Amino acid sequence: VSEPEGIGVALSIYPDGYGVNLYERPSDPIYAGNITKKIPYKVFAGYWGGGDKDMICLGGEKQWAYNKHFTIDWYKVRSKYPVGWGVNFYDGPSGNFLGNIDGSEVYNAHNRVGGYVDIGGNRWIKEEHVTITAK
């Protein structure tokens, strides 16, 4: 059974009590606040800015944080079908057809929108064709 929301789970790399900053506007972050309670937090979206500029969203628009401040257990995306059974991917949710995978690989969930999941590289698959699970 697939995780109904989210793309992964993040845990601060710092000690409990040590503030990790939250931001809005992930391409040019504006300080929004500070999280000091160290517990696992569900990740709802990713900003794929490349390297150190990657951010993860722990809620809504004012809950962006840098990936580098967390260890992240990404949700894993797997075909429902046997190896060799093609699964189409698109250039966005309900987007243009781009290609197919053969189901031999496991992917990390990079974003989920409108019943589609991005398996990375801007490749969006209908969620009906895959499982999205914590491990």
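Numbering starts at 1 and runs along the sequence shown.
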Going by the mean C-alpha B-factor recorded in the entry, which is higher: 116-124 or 11-19? 11-19
Mean CA temperature factor from the deposited coordinates, higher in 39-47 or in 26-34? 26-34
Per the deposited B-factor column, the C-alpha that peaks among 98, 55, 83, 101 belongs to 83
Should residue 88 be placed in the lowest, middle or highest third of its chain by the C-alpha B factor in the entry? lowest
